[PDB]
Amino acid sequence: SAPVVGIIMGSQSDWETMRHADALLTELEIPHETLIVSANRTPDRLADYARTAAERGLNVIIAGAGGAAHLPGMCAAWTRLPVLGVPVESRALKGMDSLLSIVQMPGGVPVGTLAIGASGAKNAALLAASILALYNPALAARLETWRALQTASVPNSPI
C-alpha cells in the first residue's frame, strides 16, 4: 500500500504525458504516489521531497518536466535513490531542450533518461518496475508476463 515509486512532474500540463507512467505502475500493481513538484517554482518542496524520499520508503523516483526541465536533475541532486527522467514535449523545441537539460547531467549526479513524451513516461515506469523486480519475485513474474504479452501482441501485418 505504501508507495515504493514516486512520480513527480513540473506542472499540471505535464500530466497528459506522465499519466502514462501512472497507468503502467498501476497495471503492474506497483504502489506509488503521483505529485506535482516544480524545481524552479517550488524549490523547497523539491528539496524536502527528494531529501526524505528514501526515509519515506521510496525506492525509485520518476520525474518529468518540459522546457529547461530542471526537475529531474535537481531531484537527483538531493536524493541517493535512482532518478529516472522524462523529457516532456513542450511547444517551441519539441522537448529537445528538456532532453539535454536532463540527459547531460554531470558525472556524479545521474538521471536515467527516457524518450521524449508519452513513450518515455511509459518506459520510465517500466524501468522502475525492472529495478524493483530485482528484489520482488512476484513483480518480476508480472513484468515478465507484461513483456511477453507486448512481444506476442505485435501484429504480423498492417491493417
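Start at 1 and count along the sequence shown; that's the residue number.
*Asks:* Going by the average Cα B-factor in the PDB entry, point out whether 27-35 or 62-70 comes out higher.
*Replies:* So the stretch with the higher mean C-alpha B-factor is 27-35.
*Asks:* Out of 91-99 and 116-124, which one has CA B-factors that are higher on average in the deposited record?
*Replies:* Looking at the record's C-alpha B-factors, the answer is 91-99.
*Asks:* Of the three thirds of its chain by CA temperature factor, lowest, middle or highest, which one includes residue 141?
*Replies:* For residue 141, the deposited C-alpha B-factor lands in the highest third.
*Asks:* Sorting by Cα B-factor within the chain, modelled residues only, which third would residue 130 end up in: lowest, middle or highest?
*Replies:* Tercile = middle for this residue's CA B-factor.
*Asks:* Using the B-factors in the PDB entry, rank residue 4's C-alpha atom against the chain and give the third, lowest, middle or highest.
*Replies:* Answer is highest: the recorded C-alpha B-factor places it there.
*Asks:* Select lowest, middle or highest to describe the third in which the CA B-factor of residue 43 falls within its chain in this entry.
*Replies:* Ranked within chain, residue 43 CA B lands in the lowest tercile.
*Asks:* In terms of the CA temperature factor given in the entry, to which third of its chain does residue 50 belong: lowest, middle or highest?
*Replies:* For residue 50, whose C-alpha B-factor we compare with every modelled residue in the chain, the answer is the middle third.
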